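K.L.:
Next comes the structure file work.pdb, holding PDB, C-alpha atoms.
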ATOM      1  CA  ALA C   1     -24.511   3.484 -23.659  1.00  0.00           C
ATOM      2  CA  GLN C   2     -22.266   1.948 -21.016  1.00  0.00           C
ATOM      3  CA  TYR C   3     -19.876   0.247 -23.447  1.00  0.00           C
ATOM      4  CA  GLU C   4     -19.192   2.238 -26.629  1.00  0.00           C
ATOM      5  CA  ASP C   5     -17.256   1.717 -29.858  1.00  0.00           C
ATOM      6  CA  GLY C   6     -14.505   4.335 -29.802  1.00  0.00           C
ATOM      7  CA  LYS C   7     -14.537   4.461 -26.013  1.00  0.00           C
ATOM      8  CA  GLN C   8     -13.504   1.233 -24.174  1.00  0.00           C
ATOM      9  CA  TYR C   9     -12.821  -0.623 -27.426  1.00  0.00           C
ATOM     10  CA  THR C  10     -12.541  -0.123 -31.157  1.00  0.00           C
ATOM     11  CA  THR C  11     -13.660  -2.250 -34.082  1.00  0.00           C
ATOM     12  CA  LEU C  12     -11.244  -3.758 -36.591  1.00  0.00           C
ATOM     13  CA  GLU C  13     -11.993  -2.684 -40.160  1.00  0.00           C
ATOM     14  CA  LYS C  14     -10.765  -6.142 -41.292  1.00  0.00           C
ATOM     15  CA  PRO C  15     -12.038  -8.837 -38.876  1.00  0.00           C
ATOM     16  CA  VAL C  16      -9.680 -11.784 -38.491  1.00  0.00           C
ATOM     17  CA  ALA C  17     -11.020 -15.188 -39.487  1.00  0.00           C
ATOM     18  CA  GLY C  18     -10.276 -17.998 -37.049  1.00  0.00           C
ATOM     19  CA  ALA C  19      -8.669 -15.716 -34.479  1.00  0.00           C
ATOM     20  CA  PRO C  20      -8.231 -16.748 -30.834  1.00  0.00           C
ATOM     21  CA  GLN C  21     -11.215 -15.687 -28.698  1.00  0.00           C
ATOM     22  CA  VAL C  22      -9.067 -13.425 -26.505  1.00  0.00           C
ATOM     23  CA  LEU C  23      -5.656 -12.492 -27.865  1.00  0.00           C
ATOM     24  CA  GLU C  24      -3.040 -10.461 -25.956  1.00  0.00           C
ATOM     25  CA  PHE C  25       0.236  -9.145 -27.424  1.00  0.00           C
ATOM     26  CA  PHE C  26       3.216  -8.160 -25.299  1.00  0.00           C
ATOM     27  CA  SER C  27       6.976  -7.883 -25.149  1.00  0.00           C
ATOM     28  CA  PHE C  28       9.239  -8.683 -22.221  1.00  0.00           C
ATOM     29  CA  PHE C  29      11.069  -5.420 -23.217  1.00  0.00           C
ATOM     30  CA  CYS C  30       7.910  -3.337 -22.975  1.00  0.00           C
ATOM     31  CA  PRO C  31       7.705  -1.172 -19.827  1.00  0.00           C
ATOM     32  CA  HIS C  32       3.910  -0.835 -19.892  1.00  0.00           C
ATOM     33  CA  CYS C  33       3.758  -4.613 -20.459  1.00  0.00           C
ATOM     34  CA  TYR C  34       5.719  -5.091 -17.244  1.00  0.00           C
ATOM     35  CA  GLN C  35       3.149  -2.904 -15.489  1.00  0.00           C
ATOM     36  CA  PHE C  36       0.239  -4.756 -17.131  1.00  0.00           C
ATOM     37  CA  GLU C  37       1.463  -8.169 -16.137  1.00  0.00           C
ATOM     38  CA  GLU C  38       3.449  -7.754 -12.929  1.00  0.00           C
ATOM     39  CA  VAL C  39       1.617  -4.846 -11.213  1.00  0.00           C
ATOM     40  CA  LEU C  40      -1.865  -4.658 -12.746  1.00  0.00           C
ATOM     41  CA  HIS C  41      -2.202  -8.400 -13.482  1.00  0.00           C
ATOM     42  CA  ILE C  42      -4.357  -7.648 -16.525  1.00  0.00           C
ATOM     43  CA  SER C  43      -4.205 -11.180 -18.006  1.00  0.00           C
ATOM     44  CA  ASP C  44      -5.230 -12.850 -14.788  1.00  0.00           C
ATOM     45  CA  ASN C  45      -8.049 -10.387 -14.049  1.00  0.00           C
ATOM     46  CA  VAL C  46      -9.446 -10.880 -17.527  1.00  0.00           C
ATOM     47  CA  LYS C  47      -9.430 -14.713 -16.968  1.00  0.00           C
ATOM     48  CA  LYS C  48     -11.340 -14.506 -13.744  1.00  0.00           C
ATOM     49  CA  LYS C  49     -14.239 -12.952 -15.569  1.00  0.00           C
ATOM     50  CA  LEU C  50     -14.207 -14.779 -18.916  1.00  0.00           C
ATOM     51  CA  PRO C  51     -17.292 -16.865 -19.823  1.00  0.00           C
ATOM     52  CA  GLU C  52     -16.993 -20.659 -19.710  1.00  0.00           C
ATOM     53  CA  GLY C  53     -15.356 -22.131 -22.799  1.00  0.00           C
ATOM     54  CA  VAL C  54     -13.435 -18.944 -23.595  1.00  0.00           C
ATOM     55  CA  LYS C  55      -9.643 -19.343 -23.763  1.00  0.00           C
ATOM     56  CA  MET C  56      -6.970 -16.633 -23.514  1.00  0.00           C
ATOM     57  CA  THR C  57      -4.044 -16.601 -25.918  1.00  0.00           C
ATOM     58  CA  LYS C  58      -0.940 -14.488 -25.251  1.00  0.00           C
ATOM     59  CA  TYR C  59       1.713 -13.810 -27.920  1.00  0.00           C
ATOM     60  CA  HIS C  60       5.129 -12.144 -27.808  1.00  0.00           C
ATOM     61  CA  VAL C  61       6.274  -9.599 -30.416  1.00  0.00           C
ATOM     62  CA  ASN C  62       9.623  -9.074 -32.164  1.00  0.00           C
ATOM     63  CA  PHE C  63       9.841  -5.341 -32.763  1.00  0.00           C
ATOM     64  CA  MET C  64      11.377  -4.363 -29.411  1.00  0.00           C
ATOM     65  CA  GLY C  65      14.893  -5.395 -28.465  1.00  0.00           C
ATOM     66  CA  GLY C  66      16.468  -6.415 -31.742  1.00  0.00           C
ATOM     67  CA  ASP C  67      18.106  -9.792 -31.682  1.00  0.00           C
ATOM     68  CA  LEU C  68      17.171 -10.409 -28.052  1.00  0.00           C
ATOM     69  CA  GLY C  69      13.584  -9.459 -28.830  1.00  0.00           C
ATOM     70  CA  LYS C  70      13.418 -12.229 -31.398  1.00  0.00           C
ATOM     71  CA  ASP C  71      15.110 -14.652 -28.995  1.00  0.00           C
ATOM     72  CA  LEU C  72      12.362 -13.783 -26.498  1.00  0.00           C
ATOM     73  CA  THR C  73       9.595 -14.513 -29.030  1.00  0.00           C
ATOM     74  CA  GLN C  74      11.250 -17.890 -29.693  1.00  0.00           C
ATOM     75  CA  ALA C  75      11.561 -18.581 -25.943  1.00  0.00           C
ATOM     76  CA  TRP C  76       7.897 -17.648 -25.483  1.00  0.00           C
ATOM     77  CA  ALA C  77       7.136 -20.223 -28.209  1.00  0.00           C
ATOM     78  CA  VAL C  78       9.130 -22.727 -26.126  1.00  0.00           C
ATOM     79  CA  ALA C  79       7.093 -21.791 -23.053  1.00  0.00           C
ATOM     80  CA  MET C  80       3.851 -22.358 -24.971  1.00  0.00           C
ATOM     81  CA  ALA C  81       5.063 -25.655 -26.429  1.00  0.00           C
ATOM     82  CA  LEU C  82       6.103 -26.945 -23.009  1.00  0.00           C
ATOM     83  CA  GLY C  83       3.168 -25.391 -21.163  1.00  0.00           C
ATOM     84  CA  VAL C  84       5.362 -23.530 -18.661  1.00  0.00           C
ATOM     85  CA  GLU C  85       4.151 -19.962 -19.214  1.00  0.00           C
ATOM     86  CA  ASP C  86       3.172 -19.634 -15.539  1.00  0.00           C
ATOM     87  CA  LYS C  87       6.651 -20.599 -14.433  1.00  0.00           C
ATOM     88  CA  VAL C  88       8.686 -18.298 -16.611  1.00  0.00           C
ATOM     89  CA  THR C  89       6.636 -15.119 -17.110  1.00  0.00           C
ATOM     90  CA  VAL C  90       7.680 -13.451 -13.850  1.00  0.00           C
ATOM     91  CA  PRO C  91      11.409 -14.311 -14.085  1.00  0.00           C
ATOM     92  CA  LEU C  92      11.598 -13.322 -17.781  1.00  0.00           C
ATOM     93  CA  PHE C  93      10.022  -9.912 -17.075  1.00  0.00           C
ATOM     94  CA  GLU C  94      12.226  -9.400 -14.039  1.00  0.00           C
ATOM     95  CA  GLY C  95      15.305 -10.648 -15.847  1.00  0.00           C
ATOM     96  CA  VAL C  96      14.818  -8.255 -18.754  1.00  0.00           C
ATOM     97  CA  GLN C  97      13.489  -5.191 -16.932  1.00  0.00           C
ATOM     98  CA  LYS C  98      14.214  -5.422 -13.209  1.00  0.00           C
ATOM     99  CA  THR C  99      17.635  -7.014 -12.793  1.00  0.00           C
ATOM    100  CA  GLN C 100      18.612  -6.624 -16.501  1.00  0.00           C
ATOM    101  CA  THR C 101      20.450  -9.921 -16.230  1.00  0.00           C
ATOM    102  CA  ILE C 102      18.942 -11.155 -19.496  1.00  0.00           C
ATOM    103  CA  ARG C 103      21.202  -9.977 -22.304  1.00  0.00           C
ATOM    104  CA  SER C 104      21.530 -13.050 -24.504  1.00  0.00           C
ATOM    105  CA  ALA C 105      19.742 -16.217 -25.593  1.00  0.00           C
ATOM    106  CA  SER C 106      21.771 -18.154 -23.032  1.00  0.00           C
ATOM    107  CA  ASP C 107      20.523 -15.861 -20.271  1.00  0.00           C
ATOM    108  CA  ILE C 108      16.927 -16.563 -21.329  1.00  0.00           C
ATOM    109  CA  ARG C 109      17.611 -20.293 -21.258  1.00  0.00           C
ATOM    110  CA  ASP C 110      19.010 -19.929 -17.708  1.00  0.00           C
ATOM    111  CA  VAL C 111      15.578 -18.759 -16.513  1.00  0.00           C
ATOM    112  CA  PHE C 112      14.025 -21.967 -17.837  1.00  0.00           C
ATOM    113  CA  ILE C 113      16.782 -24.151 -16.307  1.00  0.00           C
ATOM    114  CA  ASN C 114      16.374 -22.395 -12.958  1.00  0.00           C
ATOM    115  CA  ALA C 115      12.608 -22.920 -13.169  1.00  0.00           C
ATOM    116  CA  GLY C 116      13.132 -26.671 -13.492  1.00  0.00           C
ATOM    117  CA  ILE C 117      12.923 -27.217 -17.239  1.00  0.00           C
ATOM    118  CA  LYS C 118      15.580 -29.774 -18.200  1.00  0.00           C
ATOM    119  CA  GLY C 119      18.318 -28.542 -20.536  1.00  0.00           C
ATOM    120  CA  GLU C 120      17.659 -31.289 -23.043  1.00  0.00           C
ATOM    121  CA  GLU C 121      13.984 -30.450 -23.010  1.00  0.00           C
ATOM    122  CA  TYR C 122      14.538 -26.742 -23.568  1.00  0.00           C
ATOM    123  CA  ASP C 123      17.075 -27.260 -26.329  1.00  0.00           C
ATOM    124  CA  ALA C 124      14.956 -29.804 -28.224  1.00  0.00           C
ATOM    125  CA  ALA C 125      12.007 -27.398 -28.085  1.00  0.00           C
ATOM    126  CA  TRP C 126      14.147 -24.367 -29.010  1.00  0.00           C
ATOM    127  CA  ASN C 127      15.373 -26.095 -32.153  1.00  0.00           C
ATOM    128  CA  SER C 128      12.025 -27.723 -33.034  1.00  0.00           C
ATOM    129  CA  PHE C 129       9.830 -27.012 -36.026  1.00  0.00           C
ATOM    130  CA  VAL C 130       6.837 -26.950 -33.683  1.00  0.00           C
ATOM    131  CA  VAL C 131       8.511 -23.895 -32.100  1.00  0.00           C
ATOM    132  CA  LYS C 132       9.338 -22.320 -35.497  1.00  0.00           C
ATOM    133  CA  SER C 133       5.645 -22.634 -36.411  1.00  0.00           C
ATOM    134  CA  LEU C 134       4.685 -21.037 -33.089  1.00  0.00           C
ATOM    135  CA  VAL C 135       7.019 -18.110 -33.804  1.00  0.00           C
ATOM    136  CA  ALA C 136       5.431 -17.785 -37.227  1.00  0.00           C
ATOM    137  CA  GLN C 137       1.933 -17.945 -35.689  1.00  0.00           C
ATOM    138  CA  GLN C 138       2.812 -15.073 -33.358  1.00  0.00           C
ATOM    139  CA  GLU C 139       4.158 -12.924 -36.233  1.00  0.00           C
ATOM    140  CA  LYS C 140       1.170 -13.769 -38.460  1.00  0.00           C
ATOM    141  CA  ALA C 141      -1.277 -12.820 -35.705  1.00  0.00           C
ATOM    142  CA  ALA C 142       0.445  -9.449 -35.370  1.00  0.00           C
ATOM    143  CA  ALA C 143       0.094  -8.832 -39.082  1.00  0.00           C
ATOM    144  CA  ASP C 144      -3.548  -9.899 -39.021  1.00  0.00           C
ATOM    145  CA  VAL C 145      -4.611  -7.308 -36.394  1.00  0.00           C
ATOM    146  CA  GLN C 146      -2.297  -4.735 -38.018  1.00  0.00           C
ATOM    147  CA  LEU C 147      -0.473  -4.407 -34.706  1.00  0.00           C
ATOM    148  CA  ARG C 148       1.152  -1.046 -34.001  1.00  0.00           C
ATOM    149  CA  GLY C 149       2.163  -1.328 -30.379  1.00  0.00           C
ATOM    150  CA  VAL C 150       2.037  -3.291 -27.148  1.00  0.00           C
ATOM    151  CA  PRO C 151       0.403  -4.060 -24.791  1.00  0.00           C
ATOM    152  CA  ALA C 152      -2.667  -4.871 -26.872  1.00  0.00           C
ATOM    153  CA  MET C 153      -5.671  -7.147 -26.661  1.00  0.00           C
ATOM    154  CA  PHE C 154      -8.164  -8.285 -29.284  1.00  0.00           C
ATOM    155  CA  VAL C 155     -11.452 -10.143 -28.838  1.00  0.00           C
ATOM    156  CA  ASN C 156     -12.844 -12.642 -31.415  1.00  0.00           C
ATOM    157  CA  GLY C 157     -10.626 -11.040 -34.048  1.00  0.00           C
ATOM    158  CA  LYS C 158     -13.099  -8.165 -34.273  1.00  0.00           C
ATOM    159  CA  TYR C 159     -12.565  -5.821 -31.335  1.00  0.00           C
ATOM    160  CA  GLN C 160      -9.499  -4.048 -29.933  1.00  0.00           C
ATOM    161  CA  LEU C 161      -9.270  -3.019 -26.276  1.00  0.00           C
ATOM    162  CA  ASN C 162      -8.900   0.752 -25.901  1.00  0.00           C
ATOM    163  CA  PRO C 163      -7.490   1.441 -22.422  1.00  0.00           C
ATOM    164  CA  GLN C 164      -6.998   5.056 -23.518  1.00  0.00           C
ATOM    165  CA  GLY C 165     -10.792   5.356 -23.292  1.00  0.00           C
ATOM    166  CA  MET C 166     -10.968   3.918 -19.738  1.00  0.00           C
ATOM    167  CA  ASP C 167     -10.165   5.490 -16.298  1.00  0.00           C
ATOM    168  CA  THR C 168      -6.643   6.422 -14.950  1.00  0.00           C
ATOM    169  CA  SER C 169      -7.798   6.335 -11.567  1.00  0.00           C
ATOM    170  CA  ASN C 170      -7.253   3.780  -8.994  1.00  0.00           C
ATOM    171  CA  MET C 171      -5.244   1.396 -11.045  1.00  0.00           C
ATOM    172  CA  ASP C 172      -7.820  -1.057  -9.704  1.00  0.00           C
ATOM    173  CA  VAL C 173     -10.945   0.498 -11.264  1.00  0.00           C
ATOM    174  CA  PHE C 174      -8.911   0.645 -14.507  1.00  0.00           C
ATOM    175  CA  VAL C 175      -8.126  -3.072 -14.235  1.00  0.00           C
ATOM    176  CA  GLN C 176     -11.763  -3.825 -13.394  1.00  0.00           C
ATOM    177  CA  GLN C 177     -13.023  -1.808 -16.350  1.00  0.00           C
ATOM    178  CA  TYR C 178     -10.513  -3.498 -18.637  1.00  0.00           C
ATOM    179  CA  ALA C 179     -11.557  -6.999 -17.506  1.00  0.00           C
ATOM    180  CA  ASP C 180     -15.289  -6.046 -17.606  1.00  0.00           C
ATOM    181  CA  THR C 181     -14.852  -4.734 -21.158  1.00  0.00           C
ATOM    182  CA  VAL C 182     -13.211  -7.956 -22.331  1.00  0.00           C
ATOM    183  CA  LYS C 183     -16.083  -9.968 -20.857  1.00  0.00           C
ATOM    184  CA  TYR C 184     -18.680  -7.729 -22.582  1.00  0.00           C
ATOM    185  CA  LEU C 185     -16.828  -8.091 -25.898  1.00  0.00           C
ATOM    186  CA  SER C 186     -16.612 -11.867 -25.542  1.00  0.00           C
ATOM    187  CA  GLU C 187     -20.422 -12.050 -25.266  1.00  0.00           C
ATOM    188  CA  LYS C 188     -20.990  -9.581 -28.125  1.00  0.00           C
TER     189      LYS C 188
END
Show me the file's structure as structure tokens.

P.N.:
Amino acid sequence: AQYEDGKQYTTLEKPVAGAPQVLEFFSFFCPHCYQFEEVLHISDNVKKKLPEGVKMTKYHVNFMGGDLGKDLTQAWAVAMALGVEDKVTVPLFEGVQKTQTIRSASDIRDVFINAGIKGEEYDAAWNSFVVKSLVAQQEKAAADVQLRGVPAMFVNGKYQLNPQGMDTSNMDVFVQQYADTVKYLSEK
């Protein structure tokens, strides 16, 4: 058929109860994640095709970058808690991978301050238990899909996107196929 298990997607042996409808994992240290987000715009192309009432969730991972990697997962929790993901995603990626001006937790915080988040507001969130629970949620989600690498995307806790089984191509047909596959999976 057009969409096939083992081709554009695979099926989790252990489906995840209560999982987000569309769940993406990434790291700000991850070179292909930079490409996915800043060049291919995978997240945004997926959203433009998602059915009504389907939300996208995006989580950061710890296993790249050591201490700074964990700081970035905690900062991503802060972004989620404050609802400023669309203000910090580009400067965090560029800070880590383009300019390489993000080397410490303070450097991460600078991105938020420069983006207009008040210092008080960032620090209260950073130190909050709401943020510690959001870090834990991100780690738990990774365990639940038995995550091995990033970038990665899962639909309804049952299906895993398999870009390896899609076209190389014009980047753009790849992106289109990826977004079309997510939409098919969401309706499955």

K.L.:
List the residues matched by the PyMOL selection byres ((chain C and resi 165-171) around 9) in the displayed structure as a list in words, ordered by chain and then by residue number.

P.N.:
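The output of the PyMOL selection byres ((chain C and resi 165-171) around 9) on this file is residues 6, 7, 8, 9, 40, 162, 163, 164, 172, 173, 174, 175, 176, 177 and 178 of chain C.
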
K.L.:
Could you tell me which residues the PyMOL selection byres ((chain C and resi 149-155) around 7) returns for this structure, as a list in words?

P.N.:
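Taken over the shown coordinates, the PyMOL selection byres ((chain C and resi 149-155) around 7) returns residues 21, 22, 23, 24, 25, 26, 32, 33, 147, 148, 156, 157, 158, 159, 160, 161, 185 and 186 of chain C.
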
K.L.:
Starting from the displayed file, determine the output of the PyMOL selection byres ((chain C and resi 41-52) around 9) and express the residue list as a list in words.

P.N.:
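Against this file, the PyMOL selection byres ((chain C and resi 41-52) around 9) returns the residues residues 24, 35, 36, 37, 38, 39, 40, 53, 54, 55, 56, 58, 175, 176, 178, 179, 180, 181, 182, 183, 186 and 187 of chain C.
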
K.L.:
If I take atom CA of residue 11 of chain C and atom CA of residue 184 of chain C, how far is one from the other in Å, to one decimal?

P.N.:
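Spanning atom CA of residue 11 of chain C to atom CA of residue 184 of chain C is a straight-line distance of 13.7 Å.
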
K.L.:
Skip segment 99-112 of chain C itself and residues of its chain fewer than 5 positions away, then list as a ChimeraX atom specification all residues within 12 Å of it, counting all atoms listed in the file.

P.N.:
/C:28-29,65-76,78-79,82-94,117-123,125-126

K.L.:
Using all atoms listed in the file, which of C:97, C:146, C:62, C:57 sits nearest residue 19 of chain C?

P.N.:
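Between C:97, C:146, C:62, C:57, the residue approaching residue 19 of chain C most closely is C:57.
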